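File shown: model_33.tsv. Contents: TSV, C-alpha atoms.
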chain	number	residue	atom	x	y	z
I	1	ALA	CA	0.00	0.00	0.00
I	2	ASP	CA	1.22	3.47	-0.96
I	3	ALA	CA	1.39	5.93	1.96
I	4	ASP	CA	1.68	9.01	-0.29
I	5	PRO	CA	0.03	8.26	-3.70
I	6	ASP	CA	0.19	10.75	-6.65
I	7	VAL	CA	-3.52	10.07	-7.48
I	8	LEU	CA	-6.22	10.03	-4.79
I	9	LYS	CA	-9.18	7.72	-5.47
I	10	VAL	CA	-12.23	9.47	-3.86
I	11	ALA	CA	-15.53	7.50	-3.61
I	12	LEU	CA	-19.00	9.07	-3.13
I	13	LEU	CA	-21.93	7.25	-1.40
I	14	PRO	CA	-24.30	6.12	-4.23
I	15	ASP	CA	-27.43	7.73	-2.68
I	16	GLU	CA	-28.55	9.31	-6.00
I	17	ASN	CA	-27.99	9.07	-9.80
I	18	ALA	CA	-24.20	8.83	-10.40
I	19	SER	CA	-24.15	11.72	-12.93
I	20	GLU	CA	-25.85	14.04	-10.42
I	21	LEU	CA	-23.20	13.12	-7.80
I	22	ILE	CA	-20.25	13.74	-10.19
I	23	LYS	CA	-21.78	17.11	-11.17
I	24	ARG	CA	-22.36	18.24	-7.56
I	25	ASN	CA	-18.80	17.34	-6.46
I	26	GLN	CA	-16.90	18.92	-9.40
I	27	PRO	CA	-16.08	22.21	-7.60
I	28	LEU	CA	-14.83	20.26	-4.58
I	29	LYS	CA	-12.62	18.06	-6.87
I	30	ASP	CA	-11.05	21.23	-8.36
I	31	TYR	CA	-10.49	22.72	-4.85
I	32	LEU	CA	-8.81	19.50	-3.60
I	33	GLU	CA	-6.44	19.27	-6.61
I	34	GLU	CA	-5.33	22.89	-6.01
I	35	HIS	CA	-4.71	22.65	-2.27
I	36	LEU	CA	-3.42	19.01	-1.98
I	37	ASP	CA	-1.04	18.75	-5.03
I	38	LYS	CA	-2.62	15.49	-6.11
I	39	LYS	CA	-4.72	14.30	-9.01
I	40	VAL	CA	-8.25	13.36	-7.83
I	41	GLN	CA	-10.29	10.55	-9.40
I	42	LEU	CA	-14.03	10.57	-8.43
I	43	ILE	CA	-15.62	7.09	-8.13
I	44	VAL	CA	-19.31	6.07	-7.75
I	45	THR	CA	-19.79	2.33	-6.97
I	46	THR	CA	-22.93	0.33	-7.94
I	47	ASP	CA	-24.17	0.01	-4.32
I	48	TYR	CA	-23.22	0.55	-0.62
I	49	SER	CA	-21.68	-2.93	-0.04
I	50	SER	CA	-19.33	-2.52	-3.03
I	51	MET	CA	-18.06	0.83	-1.63
I	52	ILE	CA	-17.47	-0.80	1.84
I	53	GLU	CA	-15.61	-3.73	0.16
I	54	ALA	CA	-13.49	-1.38	-2.01
I	55	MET	CA	-12.37	0.39	1.19
I	56	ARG	CA	-11.49	-2.90	2.97
I	57	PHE	CA	-9.35	-4.07	0.03
I	58	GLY	CA	-7.39	-0.76	-0.25
I	59	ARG	CA	-8.85	0.21	-3.65
I	60	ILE	CA	-10.00	3.71	-2.60
I	61	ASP	CA	-8.23	6.33	-0.48
I	62	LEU	CA	-10.98	8.76	0.68
I	63	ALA	CA	-14.71	7.98	0.96
I	64	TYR	CA	-17.87	10.11	1.56
I	65	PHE	CA	-19.85	7.57	3.63
I	66	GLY	CA	-23.31	7.62	5.22
I	67	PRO	CA	-23.36	7.17	8.99
I	68	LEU	CA	-24.34	3.43	8.99
I	69	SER	CA	-22.01	2.49	6.10
I	70	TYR	CA	-19.18	4.32	7.92
I	71	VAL	CA	-19.62	2.28	11.16
I	72	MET	CA	-19.84	-0.96	9.09
I	73	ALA	CA	-16.60	-0.12	7.21
I	74	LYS	CA	-14.85	0.90	10.48
I	75	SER	CA	-15.66	-2.59	11.91
I	76	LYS	CA	-13.91	-4.26	8.89
I	77	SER	CA	-10.95	-1.93	8.11
I	78	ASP	CA	-8.58	0.65	9.56
I	79	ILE	CA	-10.09	4.03	8.60
I	80	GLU	CA	-10.63	7.41	10.29
I	81	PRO	CA	-13.36	10.07	9.97
I	82	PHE	CA	-12.28	13.70	9.51
I	83	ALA	CA	-15.06	16.09	8.30
I	84	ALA	CA	-18.83	16.52	7.93
I	85	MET	CA	-20.86	19.37	6.41
I	86	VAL	CA	-22.84	21.97	8.37
I	87	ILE	CA	-26.15	22.50	6.47
I	88	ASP	CA	-29.04	24.79	7.71
I	89	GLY	CA	-27.12	25.70	10.85
I	90	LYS	CA	-26.70	22.20	12.21
I	91	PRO	CA	-24.37	19.19	12.03
I	92	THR	CA	-27.32	16.72	11.84
I	93	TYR	CA	-30.02	15.59	9.37
I	94	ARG	CA	-33.42	13.78	9.34
I	95	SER	CA	-35.30	11.02	7.51
I	96	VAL	CA	-38.77	11.74	5.98
I	97	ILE	CA	-41.52	9.06	5.62
I	98	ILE	CA	-43.73	9.63	2.53
I	99	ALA	CA	-46.89	7.95	1.10
I	100	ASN	CA	-48.55	7.65	-2.29
I	101	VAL	CA	-51.84	9.65	-2.25
I	102	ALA	CA	-53.69	6.73	-3.94
I	103	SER	CA	-52.63	3.96	-1.51
I	104	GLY	CA	-55.14	4.40	1.34
I	105	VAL	CA	-52.25	5.12	3.73
I	106	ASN	CA	-53.20	8.17	5.78
I	107	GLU	CA	-51.04	7.54	8.91
I	108	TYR	CA	-48.24	5.10	10.09
I	109	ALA	CA	-50.72	2.58	11.45
I	110	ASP	CA	-52.26	2.15	7.98
I	111	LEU	CA	-48.99	0.56	6.71
I	112	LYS	CA	-50.05	-2.82	8.17
I	113	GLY	CA	-50.15	-5.29	5.25
I	114	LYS	CA	-48.88	-2.69	2.71
I	115	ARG	CA	-45.61	-2.14	0.72
I	116	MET	CA	-42.77	-0.02	2.22
I	117	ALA	CA	-39.83	1.11	0.05
I	118	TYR	CA	-36.31	1.35	1.61
I	119	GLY	CA	-33.10	2.22	-0.31
I	120	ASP	CA	-29.96	0.14	0.45
I	121	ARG	CA	-29.88	-2.25	3.44
I	122	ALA	CA	-26.77	-0.28	4.63
I	123	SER	CA	-28.57	3.11	4.50
I	124	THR	CA	-29.07	5.25	7.62
I	125	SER	CA	-31.94	7.52	6.45
I	126	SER	CA	-33.48	5.19	3.79
I	127	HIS	CA	-33.50	2.05	6.04
I	128	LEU	CA	-32.31	2.08	9.70
I	129	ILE	CA	-33.94	5.38	10.82
I	130	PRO	CA	-37.39	5.01	9.17
I	131	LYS	CA	-37.61	1.33	10.23
I	132	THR	CA	-36.93	2.44	13.84
I	133	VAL	CA	-39.60	5.20	13.61
I	134	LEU	CA	-42.27	2.73	12.42
I	135	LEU	CA	-41.42	0.28	15.28
I	136	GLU	CA	-41.31	2.91	18.09
I	137	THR	CA	-44.46	4.85	16.97
I	138	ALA	CA	-46.76	2.14	15.50
I	139	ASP	CA	-45.27	-1.19	16.75
I	140	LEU	CA	-44.72	-2.37	13.16
I	141	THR	CA	-41.92	-4.92	12.35
I	142	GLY	CA	-40.53	-5.11	8.80
I	143	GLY	CA	-41.21	-8.34	6.91
I	144	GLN	CA	-43.64	-9.48	9.65
I	145	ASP	CA	-46.28	-6.70	9.69
I	146	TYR	CA	-45.61	-5.10	6.28
I	147	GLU	CA	-43.70	-5.96	3.08
I	148	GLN	CA	-40.24	-4.39	2.72
I	149	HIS	CA	-38.67	-3.74	-0.72
I	150	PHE	CA	-35.08	-2.45	-1.15
I	151	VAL	CA	-34.88	-0.29	-4.31
I	152	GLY	CA	-31.32	1.10	-3.99
I	153	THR	CA	-30.92	4.85	-4.15
I	154	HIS	CA	-32.92	7.53	-2.28
I	155	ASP	CA	-33.93	8.73	-5.80
I	156	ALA	CA	-35.46	5.25	-6.35
I	157	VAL	CA	-37.43	5.38	-3.08
I	158	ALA	CA	-39.09	8.68	-4.21
I	159	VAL	CA	-39.77	7.32	-7.75
I	160	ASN	CA	-41.27	3.97	-6.53
I	161	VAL	CA	-43.61	5.72	-4.02
I	162	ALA	CA	-44.74	8.33	-6.55
I	163	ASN	CA	-45.48	5.80	-9.34
I	164	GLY	CA	-47.44	3.33	-7.11
I	165	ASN	CA	-44.95	0.41	-7.01
I	166	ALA	CA	-44.73	1.11	-3.24
I	167	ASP	CA	-47.40	2.54	-0.94
I	168	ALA	CA	-44.93	4.34	1.44
I	169	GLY	CA	-41.17	4.83	1.81
I	170	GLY	CA	-38.38	6.42	3.84
I	171	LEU	CA	-35.46	8.59	2.64
I	172	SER	CA	-33.26	11.64	3.40
I	173	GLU	CA	-35.28	14.87	3.88
I	174	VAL	CA	-32.95	16.92	1.63
I	175	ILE	CA	-32.99	14.39	-1.18
I	176	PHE	CA	-36.82	14.21	-1.11
I	177	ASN	CA	-37.20	17.98	-1.09
I	178	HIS	CA	-35.31	18.38	-4.40
I	179	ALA	CA	-36.83	15.36	-6.19
I	180	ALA	CA	-39.62	17.37	-7.98
I	181	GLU	CA	-37.14	20.12	-8.99
I	182	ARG	CA	-34.91	17.49	-10.68
I	183	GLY	CA	-37.93	16.07	-12.62
I	184	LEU	CA	-37.84	12.69	-10.86
I	185	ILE	CA	-41.42	12.74	-9.59
I	186	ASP	CA	-44.81	14.47	-9.87
I	187	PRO	CA	-45.11	16.05	-6.35
I	188	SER	CA	-48.95	15.88	-6.45
I	189	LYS	CA	-48.73	12.06	-6.21
I	190	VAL	CA	-47.05	11.98	-2.75
I	191	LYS	CA	-47.57	13.41	0.74
I	192	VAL	CA	-45.40	13.55	3.88
I	193	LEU	CA	-46.43	11.32	6.83
I	194	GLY	CA	-43.72	12.42	9.27
I	195	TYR	CA	-40.06	12.97	10.19
I	196	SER	CA	-37.41	11.35	12.38
I	197	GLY	CA	-35.29	13.08	15.00
I	198	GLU	CA	-31.87	14.58	14.19
I	199	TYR	CA	-28.88	12.21	13.52
I	200	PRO	CA	-25.16	12.93	12.87
I	201	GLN	CA	-24.30	14.04	9.30
I	202	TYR	CA	-22.50	11.90	6.63
I	203	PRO	CA	-18.78	11.53	7.45
I	204	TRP	CA	-15.77	11.88	5.15
I	205	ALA	CA	-13.21	9.16	6.00
I	206	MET	CA	-9.75	8.01	4.83
I	207	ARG	CA	-7.62	4.88	5.04
I	208	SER	CA	-5.42	5.14	8.14
I	209	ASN	CA	-2.26	3.81	6.37
I	210	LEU	CA	-1.79	7.07	4.48
I	211	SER	CA	1.28	8.92	5.87
I	212	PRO	CA	0.79	11.08	9.00
I	213	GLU	CA	1.85	14.15	6.95
I	214	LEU	CA	-0.74	13.46	4.21
I	215	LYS	CA	-3.53	12.72	6.75
I	216	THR	CA	-2.92	16.08	8.52
I	217	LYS	CA	-3.00	17.94	5.19
I	218	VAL	CA	-6.28	16.23	4.05
I	219	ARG	CA	-7.97	17.11	7.37
I	220	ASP	CA	-6.72	20.74	7.29
I	221	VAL	CA	-7.78	21.32	3.64
I	222	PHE	CA	-11.35	20.06	4.19
I	223	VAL	CA	-11.96	21.84	7.53
I	224	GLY	CA	-10.53	25.08	6.01
I	225	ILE	CA	-13.05	25.26	3.10
I	226	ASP	CA	-14.79	28.68	2.95
I	227	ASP	CA	-15.00	29.14	-0.85
I	228	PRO	CA	-18.65	30.02	-1.73
I	229	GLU	CA	-18.49	28.20	-5.11
I	230	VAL	CA	-17.62	24.91	-3.33
I	231	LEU	CA	-20.18	25.39	-0.53
I	232	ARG	CA	-23.11	26.47	-2.77
I	233	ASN	CA	-23.53	23.13	-4.57
I	234	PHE	CA	-24.04	21.47	-1.18
I	235	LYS	CA	-26.13	24.34	0.29
I	236	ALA	CA	-23.55	24.18	3.13
I	237	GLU	CA	-21.98	26.79	5.44
I	238	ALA	CA	-18.81	24.90	6.50
I	239	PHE	CA	-17.01	21.55	6.86
I	240	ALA	CA	-16.74	20.70	10.59
I	241	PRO	CA	-14.25	18.43	12.38
I	242	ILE	CA	-15.61	15.07	13.68
I	243	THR	CA	-14.59	12.01	15.71
I	244	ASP	CA	-15.52	8.28	15.63
I	245	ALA	CA	-17.47	8.56	18.93
I	246	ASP	CA	-19.97	10.92	17.21
I	247	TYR	CA	-21.36	7.75	15.47
I	248	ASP	CA	-21.91	5.63	18.63
I	249	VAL	CA	-25.63	6.56	18.54
I	250	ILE	CA	-25.76	4.76	15.12
I	251	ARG	CA	-23.88	1.71	16.47
I	252	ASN	CA	-26.43	1.39	19.26
I	253	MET	CA	-29.44	1.75	16.92
I	254	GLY	CA	-27.87	-0.81	14.55
I	255	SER	CA	-28.39	-3.61	17.13
I	256	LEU	CA	-31.98	-3.80	15.68
I	257	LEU	CA	-30.46	-4.83	12.29
I	258	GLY	CA	-28.12	-7.44	13.83
I	259	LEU	CA	-24.91	-5.37	13.68
Could you spell out this file's structure in structure tokens?
Amino acid sequence: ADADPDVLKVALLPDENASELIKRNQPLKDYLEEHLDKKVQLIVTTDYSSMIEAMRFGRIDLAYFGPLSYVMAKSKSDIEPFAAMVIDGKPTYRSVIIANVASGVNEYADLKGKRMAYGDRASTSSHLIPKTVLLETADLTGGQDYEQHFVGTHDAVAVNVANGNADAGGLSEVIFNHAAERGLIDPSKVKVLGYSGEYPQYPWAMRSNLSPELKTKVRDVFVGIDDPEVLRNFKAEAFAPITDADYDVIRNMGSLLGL
């Protein structure tokens, strides 16, 4: 393994259409090349498990993980978290639970016997969080009291609810809120049922066998970002420093999934 590679392989959680993700992250790629003196190669894997496996086998250097996929990768490989974005004045985010207007689902209790869409099994806000909300508020258990279907991206959750393939679904609040704008769905076909509480934001992480000098530089460059052109694509105000213990809440909640 190379401690100080000339090219940095930088993976992005596949929570949306890969072209959308490459587009959104272009200004950050340009900023990193300038301030790190490295070439940057952006990667989007086919699913969450393939990004976790790429990290374990040393095939990527930096990764933008979700909270649950981060704690899963950290259990399998030697990695460290270093930054997360501050969006809307907070270092946290929420899941939204949505329903198709034609399904007969008017509240959480009405999901008994119906079809729920989740994203990836390793998703925080399109699986773990909404599943926990349905259990704690309505005493509903996935696969036992309702059908669960895993459709991949958060984009796919919104599409499958809106077109009638699912009756309800759970996903990231920010991703849902821009789905009509991007032309993914007709917003008249869906309604919001409710929201989760606030959970720690997606962490940036790197393989811990990079050199100490390179790891310090990566952390300093990200936390120092105040360029409006980089921040605007994310609707962010800053990149904040983080530690592994910030994700213990997710570890504890993950006991319900057998982690």
Contacts of residue I:259 within 12 Å, all atoms listed in the file, excl. fewer than 4 positions in-chain, as a ChimeraX atom specification:
/I:68-69,71-73,75,121-122,128,250-255
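Pairwise distance (atom CA of residue I:171, atom CA of residue I:232) equals 22.4 Å.
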Using all atoms listed in the file, the shortest atom-to-atom distance to residue I:208 among I:258, I:58, I:241, I:169 belongs to I:58
Report, in Å to a single decimal, how far apart atom CA of residue I:132 and atom CA of residue I:256 are.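 Answer for the atom CA of residue I:256 to atom CA of residue I:132 separation: 8.2 Å.
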Distance criterion (only C-alpha atoms): nearest to residue I:50 out of I:104, I:176, I:12, I:34: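 That would be I:12, the residue with the smallest distance to residue I:50.
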_Given the point (-1.2, 8.8, 7.7) in the coordinates of this file, which residues lie within 12 Å, counting only C-alpha atoms, and how would they look as a count of residues only?_
23
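Reported to one decimal place, the separation of atom CA of residue I:229 from atom CA of residue I:43 is 21.5 Å.
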